[PDB]
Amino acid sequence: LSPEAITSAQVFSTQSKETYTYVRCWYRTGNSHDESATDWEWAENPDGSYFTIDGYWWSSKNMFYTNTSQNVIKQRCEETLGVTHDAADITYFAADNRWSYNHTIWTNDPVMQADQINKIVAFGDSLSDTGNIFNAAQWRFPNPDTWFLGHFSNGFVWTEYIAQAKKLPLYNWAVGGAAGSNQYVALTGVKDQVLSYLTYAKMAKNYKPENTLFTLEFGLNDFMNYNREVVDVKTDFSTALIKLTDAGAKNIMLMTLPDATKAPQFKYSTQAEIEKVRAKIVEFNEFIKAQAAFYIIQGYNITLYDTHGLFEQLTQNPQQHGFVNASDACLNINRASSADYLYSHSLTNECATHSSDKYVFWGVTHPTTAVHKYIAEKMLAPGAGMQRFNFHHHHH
């Protein structure tokens, strides 16, 4: 994909449609983070008639571009579903009918625009993906009775918690590369996510890349699942940042990688493999830090969060940080098999007793949503760096 391949005539033709579609509103059916299952209803107008949004489609995996705000769509979903239990965790997508997959709704920007951040765009892997590999797998991977609707967790991931805190739209380009992902879409670099995003952004209206907050975390699935070499992940990561900044990005959040060798799946690994993967993470994290320093010197607005250090603290002494267990999967999974993401799994007795909000790990690989929230809160804290970005205020 290349944004340069899109012509002015193509942009005009695409934007000249003004069709309509419906909104699928998803929600968690159970009343805590222990239960990942979800269901949906069509969004409704206040009188119960079906809600529609006007706009146009584009696909190079179709996105719907509308002038209806994300806040209004969310409100319609909340009013329609009327969930009164905790952890409703509502999300929504465009869909013409029940056979459609979950398409992202993009709210076009207005002509009148200053310098405030007006959306978050996320790049990365299974620590950030909110539904891309899930759509590519026709909703079979990860299994949606046990992993929360296309997220590799029991709920929202860190980018979603940041977006919620700042009252911003989140548009996700991250692609899960966890074990078993190979079967739905060949491994691609994070630079290919940047290229794809820029092609979709060419169809947006009044889009100013300097008003996007970009998030980038990558490399964990590459080292753990694809045995990639550090020099190749460095090249992919550097290329992505060159392309993103060349396209006009100014505001980027970077993070170091957690030491994933502390995850339960490495109970089934050799010490040699633990040492090999760990050394790659250590080396790659220094490259992330050097890239951040470089882009700061070049004049960009960069934050760098040391997720590696936060995660070392959580796995070393979970109780100091509000967790009870950082060594075991919450799910009753007693092996490290790619196939396990295809099946449903129950909580262990111990996780059910203490609750999944007290565990660091959901399955054998990924953090629980309580950890994702903990990461987001650390990143949002005063002095942690986000003050350098131009956020809107909201009196509510």
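A residue's number is simply how far along the shown sequence it sits, counting from 1.
*Asks:* From residue 60 on to residue 61, does the model leave out none, 1 to 3, 4 to 9, or 10 or more residues of the deposited sequence?
*Replies:* The entry has 1 to 3 unmodelled residues between residue 60 and residue 61.
*Asks:* For the stretches 262-270 and 101-109, which has the higher mean C-alpha B-factor as given in the deposited record?
*Replies:* The stretch with the larger mean CA B-factor is 262-270.
*Asks:* State which stretch shows the higher mean Cα B factor in the entry: 223-231 or 140-148.
*Replies:* Result of the comparison: 223-231.
*Asks:* Among 304, 72, 117, 244, which residue carries the highest C-alpha B-factor recorded in the PDB entry?
*Replies:* Answer, based on the entry's C-alpha B-factors: 304.
*Asks:* Highest recorded C-alpha temperature factor, please, choosing from 49, 68, 36, 356.
*Replies:* Of 49, 68, 36, 356, 49 has the highest C-alpha B-factor.
*Asks:* Grab the CA temperature factor for residue 12 from the record and place it in the lowest, middle or highest third of its chain.
*Replies:* Its C-alpha B-factor belongs to the highest third of this chain's values.
*Asks:* In terms of the chain's CA B-factor thirds, is residue 23 lowest, middle or highest?
*Replies:* Lowest third of the chain for residue 23's C-alpha B-factor.
*Asks:* Comparing against every modelled residue in the chain, figure out the third that the C-alpha B-factor of residue 360 lands in (lowest, middle or highest).
*Replies:* Tercile = lowest for this residue's CA B-factor.
*Asks:* Split the chain's modelled residues into thirds by Cα B-factor; is residue 32 in the lowest, middle or highest one?
*Replies:* Tercile = lowest for this residue's CA B-factor.
*Asks:* What third of its chain, lowest, middle or highest, does the C-alpha temperature factor of residue 372 fall into?
*Replies:* It falls in the bottom third of the chain.
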